[PDB]
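Engineer: Before I ask anything, let me first share the structure, which is written out below as structure tokens.
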Amino acid sequence: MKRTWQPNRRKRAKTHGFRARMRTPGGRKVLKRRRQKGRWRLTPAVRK
Amino acid sequence: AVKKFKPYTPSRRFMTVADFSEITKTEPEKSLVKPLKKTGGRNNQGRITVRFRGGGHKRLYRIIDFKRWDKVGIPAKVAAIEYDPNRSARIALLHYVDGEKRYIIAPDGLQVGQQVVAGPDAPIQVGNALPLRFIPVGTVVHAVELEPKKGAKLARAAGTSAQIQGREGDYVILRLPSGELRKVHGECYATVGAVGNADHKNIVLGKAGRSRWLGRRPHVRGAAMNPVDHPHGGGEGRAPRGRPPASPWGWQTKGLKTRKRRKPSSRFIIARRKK
RNA sequence: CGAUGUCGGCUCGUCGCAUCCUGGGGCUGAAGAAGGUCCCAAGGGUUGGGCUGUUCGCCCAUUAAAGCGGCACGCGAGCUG
RNA sequence: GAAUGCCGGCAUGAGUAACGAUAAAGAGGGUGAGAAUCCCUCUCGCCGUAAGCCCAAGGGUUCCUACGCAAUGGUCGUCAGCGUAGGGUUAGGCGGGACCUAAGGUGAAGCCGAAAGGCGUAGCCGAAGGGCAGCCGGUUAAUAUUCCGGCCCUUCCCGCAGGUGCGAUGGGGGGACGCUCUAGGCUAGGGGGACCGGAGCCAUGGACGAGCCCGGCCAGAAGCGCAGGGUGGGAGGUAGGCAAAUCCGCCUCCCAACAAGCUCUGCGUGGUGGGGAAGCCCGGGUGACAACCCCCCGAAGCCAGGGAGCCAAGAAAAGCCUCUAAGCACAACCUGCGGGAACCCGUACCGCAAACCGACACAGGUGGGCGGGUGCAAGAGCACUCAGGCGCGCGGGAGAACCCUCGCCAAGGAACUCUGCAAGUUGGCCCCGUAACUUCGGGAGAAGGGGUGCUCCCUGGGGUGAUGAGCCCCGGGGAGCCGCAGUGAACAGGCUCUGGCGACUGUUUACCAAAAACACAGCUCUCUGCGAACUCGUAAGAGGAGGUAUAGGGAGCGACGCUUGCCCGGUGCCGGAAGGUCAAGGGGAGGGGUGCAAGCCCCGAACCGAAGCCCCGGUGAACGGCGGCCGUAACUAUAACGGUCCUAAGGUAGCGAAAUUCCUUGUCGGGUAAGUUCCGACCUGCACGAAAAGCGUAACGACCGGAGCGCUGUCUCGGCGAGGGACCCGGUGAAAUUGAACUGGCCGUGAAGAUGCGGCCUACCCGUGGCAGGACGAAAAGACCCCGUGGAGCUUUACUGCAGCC
RNA sequence: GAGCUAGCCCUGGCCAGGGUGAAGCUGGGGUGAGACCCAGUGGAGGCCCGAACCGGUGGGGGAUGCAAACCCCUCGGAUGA
RNA sequence: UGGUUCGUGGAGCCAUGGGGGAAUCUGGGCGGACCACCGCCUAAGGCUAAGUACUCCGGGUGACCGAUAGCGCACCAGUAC
RNA sequence: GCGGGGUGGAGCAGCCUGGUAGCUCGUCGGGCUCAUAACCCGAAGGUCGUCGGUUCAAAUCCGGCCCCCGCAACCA
RNA sequence: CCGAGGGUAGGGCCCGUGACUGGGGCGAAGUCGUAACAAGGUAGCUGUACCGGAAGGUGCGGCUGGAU
RNA sequence: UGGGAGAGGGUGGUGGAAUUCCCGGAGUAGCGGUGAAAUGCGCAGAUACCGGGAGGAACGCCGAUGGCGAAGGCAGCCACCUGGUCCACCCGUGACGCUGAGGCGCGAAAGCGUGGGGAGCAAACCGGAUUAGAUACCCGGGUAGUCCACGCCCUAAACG
Ligand SMILES: [K+]
Ligand SMILES: [Mg+2]
Ligand SMILES: [Mg+2]
Ligand SMILES: [Mg+2]
Ligand SMILES: [Mg+2]
Ligand SMILES: [Mg+2]
Ligand SMILES: [Mg+2]
Ligand SMILES: [Mg+2]
Ligand SMILES: [Mg+2]
Ligand SMILES: [Mg+2]
Ligand SMILES: [Mg+2]
Ligand SMILES: [Mg+2]
Ligand SMILES: [Mg+2]
Ligand SMILES: [Mg+2]
Ligand SMILES: [Mg+2]
Ligand SMILES: [Mg+2]
Ligand SMILES: [Mg+2]
Ligand SMILES: [Mg+2]
Ligand SMILES: [Mg+2]
Ligand SMILES: [Mg+2]
Ligand SMILES: [Mg+2]
Ligand SMILES: [Mg+2]
Ligand SMILES: [Mg+2]
Ligand SMILES: [Mg+2]
Ligand SMILES: [Mg+2]
Ligand SMILES: [Mg+2]
Ligand SMILES: [Mg+2]
Ligand SMILES: [Mg+2]
Ligand SMILES: [Mg+2]
Ligand SMILES: [Mg+2]
Ligand SMILES: [Mg+2]
Ligand SMILES: [Mg+2]
Ligand SMILES: [Mg+2]
Ligand SMILES: [Mg+2]
Ligand SMILES: [Mg+2]
Ligand SMILES: [Mg+2]
Ligand SMILES: [Mg+2]
Ligand SMILES: [Mg+2]
Ligand SMILES: [Mg+2]
Ligand SMILES: [Mg+2]
Ligand SMILES: [Mg+2]
Ligand SMILES: [Mg+2]
Ligand SMILES: [Mg+2]
Ligand SMILES: [Mg+2]
Ligand SMILES: [Mg+2]
Ligand SMILES: [Mg+2]
Ligand SMILES: [Mg+2]
Ligand SMILES: [Mg+2]
Ligand SMILES: [Mg+2]
Ligand SMILES: [Mg+2]
Ligand SMILES: [Mg+2]
Ligand SMILES: [Mg+2]
Ligand SMILES: [Mg+2]
Ligand SMILES: [Mg+2]
Ligand SMILES: [Mg+2]
Ligand SMILES: [Mg+2]
Ligand SMILES: [Mg+2]
Ligand SMILES: [Mg+2]
Ligand SMILES: [Mg+2]
Ligand SMILES: [Mg+2]
Ligand SMILES: [Mg+2]
Ligand SMILES: [Mg+2]
Ligand SMILES: [Mg+2]
Ligand SMILES: [Mg+2]
Ligand SMILES: [Mg+2]
Ligand SMILES: [Mg+2]
Ligand SMILES: [Mg+2]
Ligand SMILES: [Mg+2]
Ligand SMILES: [Mg+2]
Ligand SMILES: [Mg+2]
Ligand SMILES: [Mg+2]
Ligand SMILES: [Mg+2]
Ligand SMILES: [Mg+2]
Ligand SMILES: [Mg+2]
Ligand SMILES: [Mg+2]
Ligand SMILES: [Mg+2]
Ligand SMILES: [Mg+2]
Ligand SMILES: [Mg+2]
Ligand SMILES: [Mg+2]
Ligand SMILES: [Mg+2]
Ligand SMILES: [Mg+2]
Ligand SMILES: [Mg+2]
Ligand SMILES: [Mg+2]
Ligand SMILES: [Mg+2]
Ligand SMILES: [Mg+2]
Ligand SMILES: [Mg+2]
Ligand SMILES: [Mg+2]
Ligand SMILES: [Mg+2]
Ligand SMILES: [Mg+2]
Ligand SMILES: [Mg+2]
Ligand SMILES: [Mg+2]
Ligand SMILES: [Mg+2]
Ligand SMILES: [Mg+2]
Ligand SMILES: [Mg+2]
Ligand SMILES: [Mg+2]
Ligand SMILES: [Mg+2]
Ligand SMILES: [Mg+2]
Ligand SMILES: [Mg+2]
Ligand SMILES: [Mg+2]
Ligand SMILES: [Mg+2]
Ligand SMILES: [Mg+2]
Ligand SMILES: [Mg+2]
Ligand SMILES: [Mg+2]
Ligand SMILES: [Mg+2]
Ligand SMILES: [Mg+2]
Ligand SMILES: [Mg+2]
Ligand SMILES: [Mg+2]
Ligand SMILES: [Mg+2]
Ligand SMILES: [Mg+2]
Ligand SMILES: [Mg+2]
Ligand SMILES: [Mg+2]
Ligand SMILES: [Mg+2]
Ligand SMILES: [Mg+2]
Ligand SMILES: [Mg+2]
Ligand SMILES: [Mg+2]
Ligand SMILES: [Mg+2]
Ligand SMILES: [Mg+2]
Ligand SMILES: [Mg+2]
Ligand SMILES: [Mg+2]
Ligand SMILES: [Mg+2]
Ligand SMILES: [Mg+2]
Ligand SMILES: [Mg+2]
Ligand SMILES: [Mg+2]
Ligand SMILES: [Mg+2]
Ligand SMILES: [Mg+2]
Ligand SMILES: [Mg+2]
Ligand SMILES: [Mg+2]
Ligand SMILES: [Mg+2]
Ligand SMILES: [Mg+2]
Ligand SMILES: [Mg+2]
Ligand SMILES: [Mg+2]
Ligand SMILES: [Mg+2]
Ligand SMILES: [Mg+2]
Ligand SMILES: [Mg+2]
Ligand SMILES: [Mg+2]
Ligand SMILES: [Mg+2]
Ligand SMILES: [Mg+2]
Ligand SMILES: [Mg+2]
Ligand SMILES: [Mg+2]
Ligand SMILES: [Mg+2]
Ligand SMILES: [Mg+2]
Ligand SMILES: [Mg+2]
Ligand SMILES: [Mg+2]
Ligand SMILES: [Mg+2]
Ligand SMILES: [Mg+2]
Ligand SMILES: [Mg+2]
Ligand SMILES: [Mg+2]
Ligand SMILES: [Mg+2]
Ligand SMILES: [Mg+2]
Ligand SMILES: [Mg+2]
Ligand SMILES: [Mg+2]
Ligand SMILES: [Mg+2]
Ligand SMILES: [Mg+2]
Ligand SMILES: [Mg+2]
Ligand SMILES: [Mg+2]
Ligand SMILES: [Mg+2]
Ligand SMILES: [Mg+2]
Ligand SMILES: [Mg+2]
Ligand SMILES: [Mg+2]
Ligand SMILES: [Mg+2]
Ligand SMILES: [Mg+2]
Ligand SMILES: [Mg+2]
Ligand SMILES: [Mg+2]
Ligand SMILES: [Mg+2]
Ligand SMILES: [Mg+2]
Ligand SMILES: [Mg+2]
Ligand SMILES: [Mg+2]
Ligand SMILES: [Mg+2]
Ligand SMILES: [Mg+2]
Ligand SMILES: [Mg+2]
Ligand SMILES: [Mg+2]
Ligand SMILES: [Mg+2]
Ligand SMILES: [Mg+2]
Ligand SMILES: [Mg+2]
Ligand SMILES: [Mg+2]
Ligand SMILES: [Mg+2]
Ligand SMILES: [Mg+2]
Ligand SMILES: [Mg+2]
Ligand SMILES: [Mg+2]
Ligand SMILES: [Mg+2]
Ligand SMILES: [Mg+2]
Ligand SMILES: [Mg+2]
Ligand SMILES: [Mg+2]
Ligand SMILES: [Mg+2]
Ligand SMILES: [Mg+2]
Ligand SMILES: [Mg+2]
Ligand SMILES: [Mg+2]
Ligand SMILES: [Mg+2]
Ligand SMILES: [Mg+2]
Ligand SMILES: [Mg+2]
Ligand SMILES: [Mg+2]
Ligand SMILES: [Mg+2]
Ligand SMILES: [Mg+2]
Ligand SMILES: [Mg+2]
Ligand SMILES: [Mg+2]
Ligand SMILES: [Mg+2]
Ligand SMILES: [Mg+2]
Ligand SMILES: [Mg+2]
Ligand SMILES: [Mg+2]
């Protein structure tokens, strides 16, 4: 059938993007958190 | 009148449409149409705050002149009678002698080509706008301002009118479309006569789709729901109400008066409504 | 109860005998024929239909007869549902 | 040593199941250590409204070559979307940006919120919408509307000339619009040609033929031609389009008006530039100086902002045109030349898929365009077939049971079974012909029957041509021929009768229910006078609604027809300036504490003191409810009538063994040989009943009952045949399960159903194909049941709160 | 977290081909005038048949599957909610 | 209403959302309802080191671990997946 | 299995709270009427379902038996 | 070719008949009431609607075949 | 040709009396109704009286035994549009006439559909009395309806 994942580069960048994150206090915390754990990517990779 | 259809399909059996007899111009005035923002019934929170709305025909909003005391003593001609999707009533297009073109809600008996005017000086003749105090007691009237210069709020629906019962001080006594008896201020403007298309109410939509065309999505009965959704929800098989008939939000919906008793306008309402 | 799938049907049988029929008998209110009733006997046989999910049962047409029961109300790692 | 423990390792099941669509293969010749599987050729088969081709998502080097074969590839592998290396993506014109707006997002001003934050006009962001300048060919192993060739165009800057009151984020026009139907003329595309060009060809009985086979175009500025789109012209006044205005708007006047003119598109031609087949010579060379013409079919595409009818009434903003304002008129703009200048990003490759989403090279999912020809009435259906692509990455054998998919069956013809489930029958088109009932539409494709090919002859009307020939679309009449059969193949309704329920088309439990459920037009009740009611939010702010009682919210009922009775005592709701209670507060008779006191402090009765409740009323398409026991008729039976008890009032009409009837397969009738079902009746209705609507209703229904005709492998009752598996051989090789096992039958015994204990009987060791009776077989820490002072969802006149309202 | 799914908003797009033949319009009859009947024209509809597309009725297969919802045969809608 | 041990308690004290609303030392707060005596103190402006907390970092030392232990990571780990 | 009931001839009070059986109708007697119903005046009839117990005393309170109408019978 | 007729398929009219059901007509002395005929004890009759055990009642309009 | 009488018909306006209801005064112990009463309304201030508002229906006196119409039927007043009729003058035409199966139109009241209106009245209905009963007659309420528009129905003791 149609499955749950329908890759769309615009959707990705706008939902989980760095600019998306930084706006919302919760988003900034995701960044803070991911930075503290030392993730190599703070945010999903997407080709813009 | 009201045009009927031969029952060549099941819904066509009862469906009735407007005659559009009075309509003289079939596209609107470009300078007077703005786009209509369709809500879906959703507010700025994105939330549905009015149930069962959406999916209707696209519309443009004809800007209507509800003030009229803009152009006092400046006459206007009835250029055409047009279709407006945004109201029960029809709209009349006026070319003023000013050159300025505006829309008004078209009264009954209004004929294309006649000349209308607004002001204290105005003749008491259909389509003219005067402040209420200068209109003879006992004459039918529509498009009535509620407060001075604040806009026409009363009797804008097809076939409606308010009648002038009498006077008292700076206020006059009106009988509104509902049959309520109201004190409306003397300087409040009003157009003489009643709104046209009085055969509106006699229309039979005919089928579900007709309603859907009007942006009216299906209305589902509480009784058909579950206790999570409605007071009338639940029960094995069909069920009576089982409580005082109620809204989804729990207030009583048979006879429970809701208007705020301490409202300032209470001083001005002589008699509650009719039937 | 860290699971023994539960009516009825279908298929496949097998066992018991308190015998429905066929075989052998005694008594009869057994003339003959046809029955009644009891004894012996489980080798074989024991129909096709209408109605109901039905088991059962009633009815139709026959039949030598249209037996009653056990097998986890025999049988769903055989099917049906 | 045990925790269905945790981690890891290795076993068992087992050389077992499987190796992913049943579109299909065979051979020859290369390569090489090795070949069913890589390369080449011939033969055969499969897709062709695709399984072919372009495009957008998404993927991210998978692309092209060279060299490899450890792993990946469901086998092999020399091959590869694999490993290593090298190479490959070229734009002012194609897409996006340096343009414009849409929902939405953000947001100077402004608003609100404990903080974080929420909202918000202008503005700004935001596109697959508007605007905008490139078409054809050649070329690389791999890029091309990008490089190259030919023809063509856009913007910016500067300069020259002519021209003008020039000048804008301001004004105004335009941009600018629906659904259905559709005209004219073209083009895309197609078919045919006795015409033009073409290597060849004569076979096996015939044909040197008006024979075969093949091809017969593409792009193209200016000008011209055809077809369409758009647009009135001139004065006078003008108070309106937030300043101005010669622009637009309004009024008056002259003139003219499906013309013309003006301008804008499309098609045609067009200097020119290209392209060019079959066949056989090793992608190329040749054909070839290729020919490049005529006729017909003809778009859903073009002219396009065309036309008409309808109601549900069908974006914005910029580019562009025009008006003026500061300003400025050595400027500025308009026009035509000319030189110069023109940036960033994408461009490979997959793209219905082995490269995207599905853990897989996964029978699944994925938007747009093109999609040839013949025939079948049409068509994107169906069969074949072109271009093109493929034979689905294990094979070779055998011809058991059994399973799947399929074909046929004597006599019967539903006897099968819960049920004609399933499978037959029917099947397209044309012609005749069609009932109850009906809301006059329908029911109707009712039913039922006839025709259907091919040959010859005669003839009738239309399109294109020309009014003809030719081509092409509709027909009609007569005479014949063949076969078992002519919609000879593929595609393509079984019908009728009668009930229940829902009017109807719709909708629903993604992934066990598609229904009788939800919805629905329609009916009634009720709220709401607009800063509406109601909804969301602490608020601001929204929705409602740029609406205004012919409107908006809530509730029930659910087309339509005839109807919808009686109860207001309890509950709700509505009304009631009285009375009864009533909280803070007010009032302070009167007491109390301490003090030498002036004083400070505390309790405190009357009396005045809202809503709410009490109380008086109204209210059923408000919550709801709508009797009992006795008797009584000139036969029996029954009770129109009577008695009495209770009630707020005792079920009306219409229906009734019902989607409701327990007793129950009620009784009678119908249908049947036979009818617990069905239909029709009766009525002591366990326990119908009137908008949680009652009784009917044409039409409709993949809903659920009953019956009949048709026809059948459903059955009596089974038989044979087909292929794909099962089976044998080579290749690869899982799984759950598993305390260990050296794992028989009976009669017993045992925790009450023993391979494992007792007695007996039976039995050489070991496999393979099969069947499922047992291992209380597997699976899932029973979903039933109880237990737990375990949990959650839901309810209420349970308790206590809370928002909200008073 | 609304890249699945449900509703709404904005902007685009798709629906072969047949069949039925409403209103209207014209003509003819009609009548004082009408209503109205007839024929032609016309092309309406949650109209009919049926591909694409959207579904998912009945059965069978599949059930350590090709697939954690698939396949085959059939069947529903297909200008419209 | 909050804070304190203080849950309305005999409920002061400190703080304050609402209503009322003074005085300047003969003023004012407090010493657990309140009164009087006896005292303590000087509100409604602000600042102020050290002693105290913690360990990303550097070092020192362990009757701490010794590759399933010890940090999740002794190794290209917040990685692959 | 749980509940209400049994009383002049009929239908109902009285029981709860022991001592006192009542209301409407019917039956009978006398009136009015030509006569009958209606109507008017008076009258009779229960010994409280039976059996036992409590009591000074039982329709009444308690316990059996018989009857008579109700309500229930669910998870499988 | 036609063709008696046979067959299949659907229509039309008449007849008989049917669980049951609707009223009708008659039937020496049945049960209930008393609507009408005297102002019939509410004048009657009426078309129509609604209601009630039944005659009947009531509403709306009409007639006198009614008022004495 | 000229003249007359008339509730003949249709459309639109407009007038006052009366009933009800609502508001404001003033005022108090009952009002209403019957054969007599009860239900009912009224100290929550009714009836009776004065003032003001709204709304619907019907038109008092004139009014008659009268007038008009084919019948049904038609009654305040005003205007418009319109039918039939009688009289007189003897002018026009020249039997053009009478009747009328079908058809067609009209057709009280009730009733019906869709929408308005709803003061009074009032089937159904509820209550109070009468009564053996009283699904009636009388009383207090009361819904359709009565009223307007349009379309149906087409009956009558539509009678002289
Ligand atoms: K259960
Ligand atoms: Mg699906
Ligand atoms: Mg899909
Ligand atoms: Mg994207
Ligand atoms: Mg997106
Ligand atoms: Mg973002
Ligand atoms: Mg890094
Ligand atoms: Mg992130
Ligand atoms: Mg209609
Ligand atoms: Mg109109
Ligand atoms: Mg605009
Ligand atoms: Mg927002
Ligand atoms: Mg949000
Ligand atoms: Mg709402
Ligand atoms: Mg909504
Ligand atoms: Mg309108
Ligand atoms: Mg709409
Ligand atoms: Mg609904
Ligand atoms: Mg539900
Ligand atoms: Mg919820
Ligand atoms: Mg609830
Ligand atoms: Mg409920
Ligand atoms: Mg449920
Ligand atoms: Mg329910
Ligand atoms: Mg129920
Ligand atoms: Mg109900
Ligand atoms: Mg509320
Ligand atoms: Mg009101
Ligand atoms: Mg168990
Ligand atoms: Mg088990
Ligand atoms: Mg025997
Ligand atoms: Mg004998
Ligand atoms: Mg004998
Ligand atoms: Mg035997
Ligand atoms: Mg049976
Ligand atoms: Mg039985
Ligand atoms: Mg015998
Ligand atoms: Mg048993
Ligand atoms: Mg069993
Ligand atoms: Mg079984
Ligand atoms: Mg087993
Ligand atoms: Mg142990
Ligand atoms: Mg395990
Ligand atoms: Mg272990
Ligand atoms: Mg081993
Ligand atoms: Mg083997
Ligand atoms: Mg095995
Ligand atoms: Mg195998
Ligand atoms: Mg495969
Ligand atoms: Mg397979
Ligand atoms: Mg084949
Ligand atoms: Mg090699
Ligand atoms: Mg292969
Ligand atoms: Mg093709
Ligand atoms: Mg990938
Ligand atoms: Mg390899
Ligand atoms: Mg591999
Ligand atoms: Mg390999
Ligand atoms: Mg270029
Ligand atoms: Mg620049
Ligand atoms: Mg912008
Ligand atoms: Mg914001
Ligand atoms: Mg943009
Ligand atoms: Mg764009
Ligand atoms: Mg557009
Ligand atoms: Mg471009
Ligand atoms: Mg070009
Ligand atoms: Mg110059
Ligand atoms: Mg110029
Ligand atoms: Mg200028
Ligand atoms: Mg527009
Ligand atoms: Mg349309
Ligand atoms: Mg054309
Ligand atoms: Mg072309
Ligand atoms: Mg062709
Ligand atoms: Mg050709
Ligand atoms: Mg030869
Ligand atoms: Mg001006
Ligand atoms: Mg101006
Ligand atoms: Mg001028
Ligand atoms: Mg060539
Ligand atoms: Mg050459
Ligand atoms: Mg157009
Ligand atoms: Mg805008
Ligand atoms: Mg200046
Ligand atoms: Mg100068
Ligand atoms: Mg730049
Ligand atoms: Mg490229
Ligand atoms: Mg595609
Ligand atoms: Mg591929
Ligand atoms: Mg996934
Ligand atoms: Mg593969
Ligand atoms: Mg695939
Ligand atoms: Mg994949
Ligand atoms: Mg095509
Ligand atoms: Mg065809
Ligand atoms: Mg074999
Ligand atoms: Mg056969
Ligand atoms: Mg048969
Ligand atoms: Mg047969
Ligand atoms: Mg059977
Ligand atoms: Mg059946
Ligand atoms: Mg079937
Ligand atoms: Mg066929
Ligand atoms: Mg008909
Ligand atoms: Mg046929
Ligand atoms: Mg032939
Ligand atoms: Mg079909
Ligand atoms: Mg039934
Ligand atoms: Mg339905
Ligand atoms: Mg219906
Ligand atoms: Mg419905
Ligand atoms: Mg489901
Ligand atoms: Mg699921
Ligand atoms: Mg589910
Ligand atoms: Mg299913
Ligand atoms: Mg369905
Ligand atoms: Mg289903
Ligand atoms: Mg429903
Ligand atoms: Mg209705
Ligand atoms: Mg809220
Ligand atoms: Mg709120
Ligand atoms: Mg708005
Ligand atoms: Mg319902
Ligand atoms: Mg009917
Ligand atoms: Mg009540
Ligand atoms: Mg009540
Ligand atoms: Mg009450
Ligand atoms: Mg109070
Ligand atoms: Mg009711
Ligand atoms: Mg008797
Ligand atoms: Mg009942
Ligand atoms: Mg009743
Ligand atoms: Mg019955
Ligand atoms: Mg029966
Ligand atoms: Mg029942
Ligand atoms: Mg039964
Ligand atoms: Mg029976
Ligand atoms: Mg029978
Ligand atoms: Mg059966
Ligand atoms: Mg029946
Ligand atoms: Mg019975
Ligand atoms: Mg009801
Ligand atoms: Mg029906
Ligand atoms: Mg269905
Ligand atoms: Mg078979
Ligand atoms: Mg085979
Ligand atoms: Mg392998
Ligand atoms: Mg043995
Ligand atoms: Mg044993
Ligand atoms: Mg032992
Ligand atoms: Mg032993
Ligand atoms: Mg076994
Ligand atoms: Mg557990
Ligand atoms: Mg357990
Ligand atoms: Mg469950
Ligand atoms: Mg479980
Ligand atoms: Mg249990
Ligand atoms: Mg407990
Ligand atoms: Mg416990
Ligand atoms: Mg979404
Ligand atoms: Mg059509
Ligand atoms: Mg349709
Ligand atoms: Mg398409
Ligand atoms: Mg089937
Ligand atoms: Mg499954
Ligand atoms: Mg499938
Ligand atoms: Mg269809
Ligand atoms: Mg306490
Ligand atoms: Mg305490
Ligand atoms: Mg304290
Ligand atoms: Mg002091
Ligand atoms: Mg203090
Ligand atoms: Mg102190
Ligand atoms: Mg102290
Ligand atoms: Mg101190
Ligand atoms: Mg101080
Ligand atoms: Mg410190
Ligand atoms: Mg150690
Ligand atoms: Mg180690
Ligand atoms: Mg570390
Ligand atoms: Mg008592
Ligand atoms: Mg006593
Ligand atoms: Mg006594
Ligand atoms: Mg005598
Ligand atoms: Mg014969
Ligand atoms: Mg009478
Ligand atoms: Mg009488
Ligand atoms: Mg009388
Ligand atoms: Mg009488
Ligand atoms: Mg009765
Ligand atoms: Mg009555
Ligand atoms: Mg008389
Ligand atoms: Mg008083
Ligand atoms: Mg003469
Ligand atoms: Mg009439
Ligand atoms: Mg009637
Ligand atoms: Mg009716
Ligand atoms: Mg009255």
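Lettering and numbering for the structure tokens are positional, with chains as A, B, ... in the shown order, residues counted from 1 in each chain, and ligands counted from 1 in the shown order.
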Near range 737-748 of chain D, within 7 Å and counting only C-alpha atoms (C1' of nucleotides), which residues show up once chain neighbours fewer than 6 positions away are dropped, as a ChimeraX atom specification?
Structural biologist: /D:12,755,762
Engineer: If the limit is 8 Å from any atom of ligand 29, counting only C-alpha atoms (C1' of nucleotides) and all ligand atoms, which residues qualify? Return them as a list in words.
Structural biologist: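 Based on only C-alpha atoms (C1' of nucleotides) and all ligand atoms, ligand 29 is surrounded within 8 Å by residues 1, 3 and 4 of chain C; 782 of chain D.
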Engineer: Would you please give, as a ChimeraX atom specification, all residues of range 8-253 of chain B that DSSP assigns to strand (DSSP E or B) based on the backbone?
Structural biologist: /B:16-18,25,33-35,42,48,53,60-62,64,76-82,91-96,101-105,107,115-116,118,129-131,140-142,144-145,152-154,162-168,171-175,181-185,189-192,195,216,246,252
Engineer: How close does chain I get to ligand 194? List, as a Markdown table, each residue of chain I within 10 Å, its nearest atom pair and the distance in Å to one decimal, counting only C-alpha atoms (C1' of nucleotides) and all ligand atoms.
Structural biologist:
```
| residue | atom | partner | partner_atom_place_in_ligand_line | distance |
| --- | --- | --- | --- | --- |
| I:43 | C1' | ligand 194 | 1 (Mg) | 5.5 |
| I:44 | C1' | ligand 194 | 1 (Mg) | 8.0 |
| I:45 | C1' | ligand 194 | 1 (Mg) | 7.5 |
```
Engineer: May I ask you to write as a list in words all residues lying at most 8 Å from ligand 140, with only C-alpha atoms (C1' of nucleotides) and all ligand atoms counted?
Structural biologist: residues 51 and 52 of chain C; 418, 419 and 677 of chain D
Engineer: For residue 62 in chain C, work out the shell of residues within 10 Å, counting only C-alpha atoms (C1' of nucleotides) and skipping chain neighbours fewer than 3 positions away, then give it as a PyMOL selection string.
Structural biologist: chain C and resi 47-48+66
Engineer: Need the shell around range 439-446 of chain D: protein/DNA/RNA residues with any atom at most 8 Å away, counting only C-alpha atoms (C1' of nucleotides). Skip same-chain ones fewer than 6 positions apart. Format as number ranges by chain?
Structural biologist: B: 6-9; D: 560, 698-699
Engineer: Which residues are near range 30-43 of chain F? Cut-off 12 Å, only C-alpha atoms (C1' of nucleotides), ignore same chain within fewer than 5 positions. Put them as a list in words.
Structural biologist: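 Close residues of range 30-43 of chain F: residues 592, 593, 594, 595, 596, 597, 599, 600, 601 and 602 of chain D; 6, 9, 10, 11, 12, 13, 14, 24 and 25 of chain F.
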Engineer: May I ask you to write as a list in words all residues lying at most 12 Å from ligand 168, with only C-alpha atoms (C1' of nucleotides) and all ligand atoms counted?
Structural biologist: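 Those within range of ligand 168 are residues 19, 47, 48, 49, 50, 51, 75, 76, 77 and 78 of chain E.
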